[PDB]
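Okay, so here's just one chain, in structure tokens, the form deposited without its partner chain.
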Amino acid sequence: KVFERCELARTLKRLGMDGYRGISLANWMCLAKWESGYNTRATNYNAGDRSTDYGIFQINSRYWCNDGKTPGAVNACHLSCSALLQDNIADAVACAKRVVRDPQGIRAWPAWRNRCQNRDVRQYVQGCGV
């Protein structure tokens, strides 16, 4: 599924992402925007280390979900990577929450630093009713 901007904003709020581990909803919106363009079906193979990024938040198979084919990987979210390709994002959200529980927080995703940190991210949630 390809979400519309405000539709996702509203969904994430409901799933309790606003301010989770100190991260504002606008930050989560900015991340999803640059990672997958709000697409739950998005996958990206990293030829470099043989891992794959899955779903709306482009969660990596080396540490967060099990895809079986990633060498020396762990599954901290306790999910099949398949779970992160569903239209319903409840598993993806639960996993994203698990990722920011580590010291790095939101910095765990390099693209957050490149595209969202120290920016005016208000744009991602303006007029959504969140």
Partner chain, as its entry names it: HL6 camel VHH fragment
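Residue numbers count along the first chain shown, from 1.
The mean C-alpha temperature factor is higher for 118-126 when 118-126 and 14-22 are set side by side. With 32-40 and 66-74 compared on mean CA B-factor from the PDB entry, the stretch scoring higher is 66-74. Taking the PDB entry at face value, the top CA B factor among 81, 47, 99, 92 belongs to 47. The residue among 58, 61, 27, 104 whose C-alpha carries the highest B-factor in the deposited model is 104.
The discussion below concerns the form solved in complex with its partner chain, not included here.
Taking a 4.5 Å heavy atom cutoff to its partner chain in the entry with it bound, the contacting residues in 85-100 are 90, 91, 94, 95, 97, 98.
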